[PDB]
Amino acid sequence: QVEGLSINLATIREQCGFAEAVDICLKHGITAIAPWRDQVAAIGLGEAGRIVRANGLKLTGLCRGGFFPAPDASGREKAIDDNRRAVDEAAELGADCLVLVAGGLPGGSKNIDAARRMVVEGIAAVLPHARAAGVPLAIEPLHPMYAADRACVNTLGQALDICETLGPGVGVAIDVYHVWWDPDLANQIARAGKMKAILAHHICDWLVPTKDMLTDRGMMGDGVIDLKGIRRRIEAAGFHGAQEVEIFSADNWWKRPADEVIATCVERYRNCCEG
């Protein structure tokens, strides 16, 4: 087995559905995954579970919940309801956390403070149901470039502020793509450790040049992130969970055979990632 490696299934999403991805992962000695809700829906929740169990599969996360801002309270309630259903799916599959991607500005608002208030309210509204189901909520801070239209939780400091306020049952998914640049990263990781808030660690690389804002994530080692440096900090902070490969690569990795992608992931994980 490749111990301590997980594959977020977005990494081979062009190539595979849920059943085939799991098959390819188990064949390469990988026994931990993070599936997406649409992948689960395509195979069916009952079959997804059967597969999880038949291998006692570790799910490092379910992607994703969140998307809280909306112009009206009823739209915000509709989002809260979707998150409760997401929690239920995570529980059924035994996921280590439900990943939350906050949502950006609602409608045509320029009020980012208000959108952020909506996100905190939504997480607060979902948290009782998530605590009750045994599903930790992982706020994934997203890269600042995504603030307007994808997620207005944009720093680890901000995400940890929300955690500290709401209390137990909410933590952070630390994705290197989203946080590597942060000048206060070392402090916030140590802070997350002391709060016991680290729920997941996602890996990939920042390419130079980066050629697309969303779908040009690098394979570990092809970019400029000090991955080992970051992993060492995360472990020193007390998180020893699996490193989860999440690569969106429209023009490279999504065009290669899935077996080549997963094998490269094993190779890079051993050479570039371990702390």
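Numbers follow the displayed sequence, beginning with 1.
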Mean CA temperature factor from the deposited coordinates, higher in 155-163 or in 86-94? 86-94
Output the stretch having the higher mean C-alpha B factor in the entry; the candidates are 197-205 and 73-81. 73-81
Identify, among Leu59, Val224, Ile230, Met213, the residue whose C-alpha carries the highest B-factor in the deposited PDB entry. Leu59
Can you tell me which of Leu142, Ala133, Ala192, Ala186 has the highest Cα temperature factor in the record? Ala133
Taking the chain's C-alpha temperature factors as the reference, tell me which third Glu235 falls into: lowest, middle or highest. middle
Compare the C-alpha B factor of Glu244 with those of the other modelled residues in its chain, then answer lowest, middle or highest third. middle
Among the chain's modelled residues, which third holds the C-alpha B-factor of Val261? middle
For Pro128, the third of its chain into which the C-alpha B factor falls: highest
What third of its chain's C-alpha B-factors does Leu9 belong to: lowest, middle or highest? middle
